[PDB]
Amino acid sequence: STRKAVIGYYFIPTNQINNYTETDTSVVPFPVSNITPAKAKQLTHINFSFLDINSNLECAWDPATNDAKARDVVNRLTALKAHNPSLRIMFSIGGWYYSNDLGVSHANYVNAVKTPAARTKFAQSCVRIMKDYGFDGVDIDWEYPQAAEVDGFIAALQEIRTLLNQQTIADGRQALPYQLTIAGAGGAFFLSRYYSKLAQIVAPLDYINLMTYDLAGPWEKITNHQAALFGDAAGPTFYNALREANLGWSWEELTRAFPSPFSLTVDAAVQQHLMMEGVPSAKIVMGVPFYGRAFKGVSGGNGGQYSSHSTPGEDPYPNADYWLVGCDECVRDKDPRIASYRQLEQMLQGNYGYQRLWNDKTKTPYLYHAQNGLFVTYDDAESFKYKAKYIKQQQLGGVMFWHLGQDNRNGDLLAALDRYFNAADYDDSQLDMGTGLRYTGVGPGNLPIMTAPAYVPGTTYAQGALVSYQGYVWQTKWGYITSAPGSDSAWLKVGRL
């Protein structure tokens, strides 16, 4: 029954708002009018981005924003709701530029959530902005609160939730209640900052939208897929930072939940969330990229995968060599390292020297330019079949993507996602999910159903013996054990009845 969420970011920089126009793509490449009624029907949420937190510790527009122009842009988005009574226009606070550890507004994020009074003032500003501009909910994209700030962040979400609920009552919006989401880490290293308190983070949210992309980039030594669904044993692996989180678990519990090293994949991030007690699968949304990440200086042999590379990691892109052959948008944006799916289609179609290759373990496409040594990791309508099937099988809440302007003109990526979830005639029952590496971790939140003989008092159990007892299946960690399962540290809870 329940419709999967389809959450698309609409990003527009301040300069484009201030010069907003729907008839000049060299000024605004992707105006609201490109979101046609058909696209609007295929979305459940549009996340308008980005607002910020100012030094007054309130949610605010960038202060250079022309306010009349901003209201006009937002009004155009909310007018889309005429075509889809399920559709919400959220607004997002944060993003990497504003909120990263070294970002321009970082201290405002830290300070806004720091004390009860600050949280109240911040929470109020969020709901006030929401009402003033006509938004339908609040998305927080702070990348990322550090373990010490996590309790404040949690209390801030709780308080926003209460104020949103009041507003839903005041406006009689029970048919479309005001919502709260966050953009969550999609890889273990950032996730470990708040992982131990994941259940408290998710409780106040309608959805946690996993940034399950940007898992490879120029900061890594070796090229890799940025959003592999499953792992490739030929690919790099990473230290599992979650095993060092402050969980209070035992060695066996830690080891069973957090294999290490592990493959940095979409399935890993999803499973890591599901392992936590009190994190329901319906609130987890899988992010996907509508862009590819490009690398230069790559060697041959494996289509450019898992190769050293000479891609600058600095920001801004440090020179004017725009080496991603055929990428016109790269020239416009002065950066050959990111290419929209829209542009990648054109690069494939023109005489630019790319081959489209497919990794059947990761279930993702990549471009390889044999002559110049280039590699591009991206997603398309094919990789989205496997991802949508995974979303259905794991009973996730839906899909999120960055960003709407990166789909092709016909919006084929959005239309594919919508089709995989909702088309009566689409059938993926035979879609083969392949033999790529699954994240095998098990934690208190995802115990498999098991059976085993009932525990018998007085029996001496050898190491590895399985019994059932009080709702669960238990395994001895050593032998010989005679204690009742769960009464001391000799038994590992491994499954549920």
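Residue numbers here begin at 1 and follow the sequence given.
- Here 423 to 431 and 232 to 240 are compared by their mean Cα B-factor, and 423 to 431 comes out higher.
- Looking at 449 to 457 and 66 to 74 together, the entry lists the larger mean B-factor for 449 to 457, computed on C-alpha atoms.
- Which of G94, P85, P312, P336 has the largest Cα B-factor in the deposited entry comes down to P85.
- The residue among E149, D136, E143, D206 whose C-alpha carries the highest B-factor in the deposited model is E149.
- In this PDB entry, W358 carries a Cα temperature factor that places it within the middle third of its chain's modelled residues.
- Ranked by C-alpha B-factor against the other modelled residues of its chain, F384 falls in the lowest third.
- When all modelled residues of the chain are sorted by CA temperature factor, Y98 is found within the middle third.
- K81: CA B factor in the highest third of modelled residues in this chain (values from the PDB entry).
- Annotation for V27: C-alpha temperature factor in the highest third relative to the rest of the modelled chain, per the entry.
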